[PDB]
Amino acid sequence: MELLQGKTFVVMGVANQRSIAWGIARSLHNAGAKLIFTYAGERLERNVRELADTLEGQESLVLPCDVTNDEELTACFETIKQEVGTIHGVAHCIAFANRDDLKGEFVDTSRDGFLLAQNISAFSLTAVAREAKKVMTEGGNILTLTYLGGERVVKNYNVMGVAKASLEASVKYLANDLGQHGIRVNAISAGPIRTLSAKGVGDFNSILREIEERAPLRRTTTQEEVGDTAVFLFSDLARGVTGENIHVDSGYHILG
């Protein structure tokens, strides 16, 4: 409501209306924050601008940011500095892997396919954290989105699971680095949600019914449940929480 009043956050990864990052943006805005959006490339610019503009308030800054490109990533955060000077956090909702690796056997993943997944889905957290460390002059929280596949084997998640494991270990090492700089680093492990990228995981419809049937809360997750947990982590209420991975998956993670 006013939980994030006066704070400005950088949300990375909105692609369209179903993006979990969009769910995060709406929750942060409703909690009173100001936002900055970064999108992967020119193709997405229109979607993010129009989405950003549905939010009441000042025209939000929308900037291209291919996290695979160091010069653009660095220039993006320099622009952010010149524009607002200080931000209070970054929501990192980025991941990618060649579609053909998310099927069949993980053992057939090509080297380039594996490094690509690692580069975009795990390293980008660290590269982003490094630039955000510069503008988060008042400390704050850095968030990332992970998935159960990084902790245990999920069918067809393959190289993405290995990349998330690496992302989750990154959260821990970054939390270890940044805490003394007043910066908390956390992850949200969301349960399956229908998004543009969900199309790369096989038989999604049946995965969702499995969640509805077996998850403790008997229902699938929503972008809003994730965004609201994100509000907590970016807010002062989470002051003592860092290097933590919170599962917003209707409790599915406890099932053996």
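The first residue of the shown sequence is 1; numbering continues from there.
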Greater mean Cα temperature factor according to the PDB record, 162 to 170 or 109 to 117: 109 to 117
Average Cα temperature factor in the PDB entry - higher stretch of 194 to 202, 218 to 226: 194 to 202
Highest recorded Cα temperature factor - choice among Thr146, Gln82, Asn186, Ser124: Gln82
B-factor third for the C-alpha atom of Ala97 within its chain: middle
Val154 CA temperature factor, ranked by third within the chain: middle
Lowest, middle or highest third - CA B-factor, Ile142: lowest
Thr242 - Cα temperature factor, lowest/middle/highest third of chain: lowest
Cα B factor band for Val231 (lowest, middle or highest third within the chain): lowest
